[PDB]
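**Q** Structure file upload-v1.cif (mmCIF, C-alpha atoms and all ligand atoms) is given on the next line.
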data_protein
loop_
_atom_site.label_atom_id
_atom_site.label_comp_id
_atom_site.auth_asym_id
_atom_site.auth_seq_id
_atom_site.Cartn_x
_atom_site.Cartn_y
_atom_site.Cartn_z
CA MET W 1 -18.26 -12.45 -12.14
CA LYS W 2 -15.50 -9.95 -11.32
CA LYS W 3 -12.38 -11.57 -9.82
CA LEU W 4 -9.84 -9.42 -7.99
CA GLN W 5 -6.59 -9.81 -6.05
CA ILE W 6 -6.45 -7.26 -3.21
CA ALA W 7 -3.43 -6.42 -1.05
CA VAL W 8 -3.98 -4.72 2.32
CA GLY W 9 -1.71 -3.70 5.18
CA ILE W 10 -2.43 -4.29 8.87
CA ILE W 11 -0.46 -1.36 10.28
CA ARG W 12 0.36 -2.08 13.94
CA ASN W 13 2.23 0.30 16.23
CA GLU W 14 4.13 -0.46 19.44
CA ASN W 15 0.98 0.07 21.55
CA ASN W 16 -1.07 -2.73 19.93
CA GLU W 17 -3.11 -0.21 17.93
CA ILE W 18 -3.93 -0.58 14.23
CA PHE W 19 -4.22 2.25 11.68
CA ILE W 20 -7.74 1.92 10.26
CA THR W 21 -9.46 3.93 7.52
CA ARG W 22 -13.16 4.20 6.63
CA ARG W 23 -14.37 3.49 3.10
CA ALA W 24 -16.33 6.06 1.11
CA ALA W 25 -20.12 6.06 1.06
CA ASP W 26 -20.20 5.29 -2.68
CA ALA W 27 -17.61 2.50 -2.73
CA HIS W 28 -18.00 -1.24 -2.60
CA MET W 29 -18.33 -2.09 1.11
CA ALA W 30 -19.40 1.51 1.67
CA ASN W 31 -18.78 3.14 5.08
CA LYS W 32 -16.92 0.06 6.35
CA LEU W 33 -13.74 0.18 8.36
CA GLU W 34 -10.80 -1.28 6.49
CA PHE W 35 -7.13 -2.02 6.34
CA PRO W 36 -5.65 0.31 3.70
CA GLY W 37 -5.03 -1.55 0.46
CA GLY W 38 -6.24 -2.13 -3.06
CA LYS W 39 -6.01 -4.10 -6.27
CA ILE W 40 -2.80 -5.87 -7.26
CA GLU W 41 -2.08 -4.59 -10.75
CA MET W 42 -0.80 -6.53 -13.73
CA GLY W 43 2.97 -6.71 -13.68
CA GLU W 44 3.33 -6.13 -9.94
CA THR W 45 3.63 -8.64 -7.11
CA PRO W 46 1.47 -8.84 -3.98
CA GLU W 47 4.41 -7.47 -1.97
CA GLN W 48 4.86 -4.56 -4.40
CA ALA W 49 1.11 -3.91 -4.32
CA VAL W 50 0.89 -3.55 -0.53
CA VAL W 51 3.84 -1.10 -0.60
CA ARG W 52 2.33 0.98 -3.40
CA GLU W 53 -1.18 0.95 -1.93
CA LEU W 54 0.01 2.08 1.51
CA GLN W 55 2.16 4.81 -0.06
CA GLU W 56 -0.86 6.06 -2.02
CA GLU W 57 -3.53 5.75 0.65
CA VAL W 58 -1.78 6.62 3.92
CA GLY W 59 1.69 7.87 2.95
CA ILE W 60 3.93 5.21 4.51
CA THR W 61 6.36 2.71 3.01
CA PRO W 62 5.99 -0.70 4.70
CA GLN W 63 9.13 -2.74 5.25
CA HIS W 64 10.06 -6.15 6.68
CA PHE W 65 6.40 -7.16 6.62
CA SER W 66 4.88 -10.64 6.52
CA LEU W 67 1.85 -12.39 5.05
CA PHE W 68 -0.60 -12.62 7.96
CA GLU W 69 -3.44 -14.27 6.05
CA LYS W 70 -4.57 -14.98 2.49
CA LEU W 71 -8.23 -15.82 1.93
CA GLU W 72 -10.95 -15.74 -0.70
CA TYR W 73 -14.39 -14.21 -0.28
CA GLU W 74 -17.46 -14.33 -2.53
CA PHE W 75 -19.38 -11.05 -2.30
CA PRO W 76 -22.83 -10.76 -3.90
CA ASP W 77 -21.37 -9.35 -7.14
CA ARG W 78 -17.64 -10.08 -7.06
CA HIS W 79 -15.04 -12.60 -5.94
CA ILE W 80 -11.87 -11.32 -4.29
CA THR W 81 -8.69 -12.85 -2.95
CA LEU W 82 -7.38 -10.80 -0.02
CA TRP W 83 -3.69 -10.67 0.92
CA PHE W 84 -3.44 -9.43 4.53
CA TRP W 85 0.10 -8.19 5.26
CA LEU W 86 1.17 -7.53 8.86
CA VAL W 87 3.12 -4.26 8.81
CA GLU W 88 5.02 -3.53 12.02
CA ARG W 89 7.84 -1.42 10.57
CA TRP W 90 7.48 1.46 8.12
CA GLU W 91 8.89 4.78 7.01
CA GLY W 92 6.55 7.74 7.47
CA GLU W 93 3.54 8.57 9.60
CA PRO W 94 0.16 7.21 8.38
CA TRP W 95 -2.53 9.80 7.66
CA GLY W 96 -5.59 10.35 5.48
CA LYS W 97 -3.50 11.03 2.40
CA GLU W 98 -6.51 10.52 0.10
CA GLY W 99 -8.77 12.64 2.32
CA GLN W 100 -10.30 9.54 3.96
CA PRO W 101 -10.92 9.16 7.71
CA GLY W 102 -8.06 7.36 9.40
CA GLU W 103 -7.23 6.69 13.03
CA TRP W 104 -5.42 4.37 15.40
CA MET W 105 -7.65 1.71 16.95
CA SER W 106 -6.81 -0.64 19.80
CA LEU W 107 -6.55 -4.23 18.64
CA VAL W 108 -8.69 -5.47 21.55
CA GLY W 109 -11.45 -3.03 20.69
CA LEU W 110 -11.86 -3.94 17.01
CA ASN W 111 -15.39 -5.04 16.10
CA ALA W 112 -15.45 -7.38 13.09
CA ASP W 113 -19.00 -6.18 12.33
CA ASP W 114 -17.51 -2.77 11.42
CA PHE W 115 -15.37 -4.31 8.61
CA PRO W 116 -16.26 -6.17 5.41
CA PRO W 117 -17.33 -9.72 6.29
CA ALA W 118 -14.27 -11.10 4.49
CA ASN W 119 -12.14 -9.70 7.35
CA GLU W 120 -13.88 -11.76 10.09
CA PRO W 121 -11.23 -14.53 10.48
CA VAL W 122 -8.40 -11.98 10.23
CA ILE W 123 -9.74 -9.75 13.00
CA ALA W 124 -10.20 -12.83 15.19
CA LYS W 125 -6.68 -14.08 14.51
CA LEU W 126 -5.25 -10.62 15.23
CA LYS W 127 -6.89 -10.62 18.66
CA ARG W 128 -5.15 -13.98 19.23
CA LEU W 129 -1.73 -12.26 19.14
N1 LIG W 201 -8.71 -1.92 1.12
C1 LIG W 201 -9.39 -2.92 1.71
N2 LIG W 201 -10.28 -3.60 0.95
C2 LIG W 201 -10.99 -4.62 1.50
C3 LIG W 201 -10.78 -4.97 2.83
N3 LIG W 201 -11.60 -6.02 3.13
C4 LIG W 201 -12.25 -6.24 1.98
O1 LIG W 201 -13.12 -7.16 1.84
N4 LIG W 201 -11.92 -5.43 0.98
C5 LIG W 201 -12.47 -5.44 -0.39
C6 LIG W 201 -13.33 -4.19 -0.61
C7 LIG W 201 -13.11 -3.93 -2.08
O2 LIG W 201 -14.02 -4.79 -2.79
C8 LIG W 201 -11.69 -4.39 -2.35
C9 LIG W 201 -10.66 -3.26 -2.19
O3 LIG W 201 -10.61 -2.46 -3.37
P1 LIG W 201 -10.42 -0.87 -3.24
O4 LIG W 201 -9.69 -0.70 -1.93
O5 LIG W 201 -9.62 -0.49 -4.45
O6 LIG W 201 -11.83 -0.34 -3.16
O7 LIG W 201 -11.40 -5.35 -1.34
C10 LIG W 201 -9.85 -4.25 3.58
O8 LIG W 201 -9.65 -4.55 4.79
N5 LIG W 201 -9.17 -3.24 2.99
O1 LIG W 202 6.77 -13.23 2.46
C1 LIG W 202 7.09 -12.52 3.64
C2 LIG W 202 8.06 -13.36 4.46
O2 LIG W 202 9.33 -13.35 3.84
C3 LIG W 202 10.31 -12.87 4.74
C4 LIG W 202 11.63 -13.62 4.58
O3 LIG W 202 11.45 -14.99 4.90
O4 LIG W 202 10.49 -11.48 4.54
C5 LIG W 202 10.82 -11.10 3.22
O5 LIG W 202 9.67 -10.66 2.51
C6 LIG W 202 9.06 -9.44 2.94
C7 LIG W 202 8.01 -9.03 1.91
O6 LIG W 202 8.67 -8.59 0.72
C8 LIG W 202 10.07 -8.30 3.09
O7 LIG W 202 9.43 -7.18 3.67
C9 LIG W 202 11.25 -8.75 3.94
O8 LIG W 202 12.22 -7.72 4.04
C10 LIG W 202 11.87 -9.99 3.31
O9 LIG W 202 12.95 -10.41 4.11
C11 LIG W 202 9.72 -13.02 6.14
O10 LIG W 202 10.21 -12.05 7.05
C12 LIG W 202 8.23 -12.84 5.89
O11 LIG W 202 7.49 -13.59 6.84
MN MN W 203 -8.27 0.99 -1.37
NA NA W 204 -6.15 2.46 -3.37
#
Write out the structure in this file as structure tokens.
Ligand SMILES: Nc1nc2c([nH]c(=O)n2[C@H]2C[C@H](O)[C@@H](COP(=O)(O)O)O2)c(=O)[nH]1
Ligand SMILES: OC[C@H]1O[C@@](CO)(O[C@H]2O[C@H](CO)[C@@H](O)[C@H](O)[C@H]2O)[C@@H](O)[C@@H]1O
Ligand SMILES: [Mn+2]
Ligand code: NA

**A**
Amino acid sequence: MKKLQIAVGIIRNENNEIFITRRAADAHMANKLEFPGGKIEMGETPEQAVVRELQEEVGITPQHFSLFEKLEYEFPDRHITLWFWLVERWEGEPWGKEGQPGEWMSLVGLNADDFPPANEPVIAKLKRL
């Protein structure tokens, strides 16, 4: 079974809102809300991966970020390890740089059902902040 290491950024502004994108209709976890992120490539670290992925997907460079959660999830056809980085400082303004929907969402209003099931404990822990 496919095994993947995924790095994602929880992009939180000063108003307790998170920058959330929506996955394509033909992707794994299609139409789900998501933290921007992607696969950690050979020869790059989890910290380098979250920087690169956020630069590619939403056009910001995260800085002074921290590991919020690391967890593993077994999907029906793949196993992934998710590295959830809390990003509270960055250069740039996040946008749909890859043409994907993106918008700021209040932390209190997040609905874990809208995200891949792997995100359930992370969304709960975020609302604990
Ligand atoms: N980018 C991103 N991927 C996620 C999240 N939660 C989650 O289970 N995934 C899974 C979906 C995909 O199988 C994989 C991400 O790979 P791509 O972003 O390259 O599609 O990780 C998330 O919050 N953000
Ligand atoms: O692993 C993140 C963790 O490390 C600290 C230092 O203790 O931050 C360092 O690592 C981050 C990821 O590369 C950098 O963004 C940061 O600048 C660097 O100091 C903690 O702040 C953080 O919890
Ligand atoms: Mn991605
Ligand atoms: Na990507």

**Q** When distances are computed from all atoms listed in the file, which of W:76, W:109, W:99, W:121 shows the smallest separation from residue 24 in chain W?

**A**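 Counting all atoms listed in the file, the residue closest to residue 24 in chain W is W:99.
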
**Q** Residues at most 12 Å from residue 45 in chain W, counting all atoms listed in the file, excluding those fewer than 5 positions away in the same chain, as a list in words?

**A**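 Result of the neighbour search: residues 5, 6, 7, 39, 40, 50, 51, 52, 53 and 83 of chain W.
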
**Q** Taking all atoms listed in the file into account, report as a list in words which residues have an atom no farther than 7 Å from an atom of ligand LIG 202 (chain W).

**A** residues 47, 63, 64, 65, 66 and 67 of chain W

**Q** When you count only C-alpha atoms, which of these residues is closest to residue 33 in chain W: W:116, W:16, W:100, W:92?

**A** W:116

**Q** Hey, which of W:112, W:118, W:54, W:86 ends up closest to ligand LIG 201 (chain W)? Count only C-alpha atoms and all ligand atoms.

**A**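 Using only C-alpha atoms and all ligand atoms, ligand LIG 201 (chain W) sits closest to W:118.
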
**Q** Do you know which residues are within 7 Å of ligand NA 204 (chain W) using all atoms listed in the file? Can you write them as a PyMOL selection string?

**A** chain W and resi 37-38+53+56-57

**Q** Take the selection from the previous step and output its residues with C-alpha atoms, as a PDB file, in the coordinates of the input.

**A**
ATOM      1  CA  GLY W  37      -5.030  -1.550   0.460  1.00  0.00           C
ATOM      2  CA  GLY W  38      -6.240  -2.130  -3.060  1.00  0.00           C
ATOM      3  CA  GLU W  53      -1.180   0.950  -1.930  1.00  0.00           C
ATOM      4  CA  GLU W  56      -0.860   6.060  -2.020  1.00  0.00           C
ATOM      5  CA  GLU W  57      -3.530   5.750   0.650  1.00  0.00           C
TER       6      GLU W  57
END

**Q** Find, counting all atoms listed in the file, the residue in W:98, W:91, W:72, W:14 that gets nearest to ligand MN 203 (chain W).

**A**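 Of W:98, W:91, W:72, W:14, the one nearest ligand MN 203 (chain W) is W:98, counting all atoms listed in the file.
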
**Q** Just want the residues within 9 Å of ligand LIG 201 (chain W), written as a PyMOL selection string, counting only C-alpha atoms and all ligand atoms.

**A** chain W and resi 4-10+20-21+23-24+27-30+32-39+53+73+75+78-82+84+115-119

**Q** Using C-alpha atoms, give me chain W from the structure I just pasted, as a short mmCIF file (atom, residue, chain, number, x, y, z; two decimals), in the first residue's frame.

**A**
data_model
loop_
_atom_site.label_atom_id
_atom_site.label_comp_id
_atom_site.auth_asym_id
_atom_site.auth_seq_id
_atom_site.Cartn_x
_atom_site.Cartn_y
_atom_site.Cartn_z
CA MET W 1 0.00 0.00 0.00
CA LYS W 2 1.15 3.55 -0.80
CA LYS W 3 2.93 5.25 2.12
CA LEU W 4 3.36 9.03 2.12
CA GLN W 5 4.74 11.78 4.35
CA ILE W 6 2.63 14.94 3.99
CA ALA W 7 3.47 18.40 5.32
CA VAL W 8 0.66 20.96 5.74
CA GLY W 9 0.46 24.48 7.14
CA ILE W 10 -2.23 25.75 9.50
CA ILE W 11 -2.14 29.42 8.50
CA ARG W 12 -3.60 31.50 11.34
CA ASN W 13 -4.02 35.28 11.25
CA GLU W 14 -4.38 37.72 14.14
CA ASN W 15 -8.18 37.36 14.10
CA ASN W 16 -8.25 33.60 14.86
CA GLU W 17 -9.06 32.78 11.24
CA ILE W 18 -7.36 30.03 9.23
CA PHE W 19 -6.56 30.12 5.50
CA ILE W 20 -8.34 27.07 4.06
CA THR W 21 -8.37 25.73 0.49
CA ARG W 22 -10.71 23.23 -1.17
CA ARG W 23 -9.35 20.14 -2.92
CA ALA W 24 -10.13 19.40 -6.56
CA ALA W 25 -13.01 17.15 -7.55
CA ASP W 26 -10.64 14.57 -9.08
CA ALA W 27 -8.08 14.42 -6.26
CA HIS W 28 -7.76 12.05 -3.34
CA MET W 29 -10.12 13.41 -0.67
CA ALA W 30 -11.97 15.22 -3.45
CA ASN W 31 -13.89 18.44 -2.64
CA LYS W 32 -12.65 18.42 0.96
CA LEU W 33 -11.45 21.47 2.81
CA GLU W 34 -7.78 21.30 3.65
CA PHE W 35 -4.72 22.93 5.10
CA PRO W 36 -2.41 23.71 2.15
CA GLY W 37 0.39 21.18 1.94
CA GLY W 38 1.73 18.18 0.10
CA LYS W 39 4.23 15.36 -0.11
CA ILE W 40 7.65 15.65 1.55
CA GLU W 41 10.09 14.90 -1.25
CA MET W 42 13.26 12.85 -1.08
CA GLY W 43 16.17 14.99 0.06
CA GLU W 44 14.04 17.61 1.80
CA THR W 45 13.02 17.88 5.45
CA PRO W 46 9.48 18.23 6.82
CA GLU W 47 10.25 21.88 7.63
CA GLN W 48 11.53 22.52 4.09
CA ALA W 49 8.48 20.74 2.66
CA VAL W 50 5.93 22.92 4.47
CA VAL W 51 7.77 26.06 3.26
CA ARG W 52 7.93 24.84 -0.34
CA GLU W 53 4.33 23.59 -0.39
CA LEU W 54 2.94 26.86 0.97
CA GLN W 55 5.03 28.86 -1.50
CA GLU W 56 3.67 26.74 -4.37
CA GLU W 57 0.04 26.47 -3.30
CA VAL W 58 -0.77 29.83 -1.68
CA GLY W 59 2.25 32.06 -2.33
CA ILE W 60 3.52 32.67 1.21
CA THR W 61 6.78 31.79 2.95
CA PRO W 62 6.11 30.50 6.48
CA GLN W 63 8.57 31.45 9.20
CA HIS W 64 9.06 30.77 12.92
CA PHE W 65 6.48 27.99 12.74
CA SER W 66 6.02 24.99 15.03
CA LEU W 67 4.92 21.36 14.80
CA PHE W 68 1.31 21.40 16.00
CA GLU W 69 0.61 17.70 15.48
CA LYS W 70 2.05 14.65 13.74
CA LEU W 71 -0.26 11.70 13.15
CA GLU W 72 -0.76 8.69 10.91
CA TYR W 73 -3.95 7.81 9.07
CA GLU W 74 -4.91 4.69 7.11
CA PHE W 75 -7.14 5.62 4.17
CA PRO W 76 -8.87 2.88 2.15
CA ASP W 77 -6.04 2.77 -0.41
CA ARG W 78 -3.08 4.57 1.17
CA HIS W 79 -1.29 5.24 4.44
CA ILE W 80 -0.11 8.76 5.18
CA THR W 81 1.81 10.48 7.95
CA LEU W 82 0.64 14.08 8.33
CA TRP W 83 2.87 16.83 9.70
CA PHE W 84 0.62 19.72 10.83
CA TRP W 85 2.66 22.94 11.17
CA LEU W 86 1.15 25.95 12.96
CA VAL W 87 2.07 29.00 10.86
CA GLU W 88 1.42 32.32 12.59
CA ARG W 89 4.08 34.41 10.83
CA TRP W 90 4.76 34.54 7.10
CA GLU W 91 5.88 36.71 4.22
CA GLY W 92 3.25 37.34 1.56
CA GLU W 93 -0.53 37.24 1.35
CA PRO W 94 -2.12 33.79 0.86
CA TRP W 95 -4.24 33.33 -2.26
CA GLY W 96 -5.36 30.65 -4.70
CA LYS W 97 -2.00 30.58 -6.45
CA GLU W 98 -2.81 27.23 -8.12
CA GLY W 99 -6.30 28.39 -9.11
CA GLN W 100 -7.89 26.57 -6.14
CA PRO W 101 -10.59 28.06 -3.88
CA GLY W 102 -9.09 29.61 -0.78
CA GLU W 103 -10.55 31.72 2.01
CA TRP W 104 -10.16 32.72 5.63
CA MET W 105 -12.32 30.70 8.02
CA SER W 106 -12.97 31.40 11.69
CA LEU W 107 -11.38 28.78 13.92
CA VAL W 108 -14.57 28.42 15.98
CA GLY W 109 -16.63 27.75 12.88
CA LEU W 110 -14.52 24.94 11.41
CA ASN W 111 -16.47 21.71 10.86
CA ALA W 112 -14.23 18.63 10.98
CA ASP W 113 -16.71 16.83 8.70
CA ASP W 114 -15.66 19.22 5.90
CA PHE W 115 -12.01 18.01 6.07
CA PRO W 116 -10.39 14.61 5.49
CA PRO W 117 -11.07 12.37 8.50
CA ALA W 118 -7.36 12.35 9.35
CA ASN W 119 -7.74 16.02 10.41
CA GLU W 120 -10.36 15.30 13.12
CA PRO W 121 -8.04 15.44 16.20
CA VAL W 122 -6.19 18.46 14.78
CA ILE W 123 -9.33 20.53 14.25
CA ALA W 124 -10.45 19.65 17.79
CA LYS W 125 -7.09 20.61 19.29
CA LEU W 126 -7.08 23.89 17.34
CA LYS W 127 -10.45 24.83 18.86
CA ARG W 128 -8.83 24.19 22.26
CA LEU W 129 -6.46 27.16 21.73
#
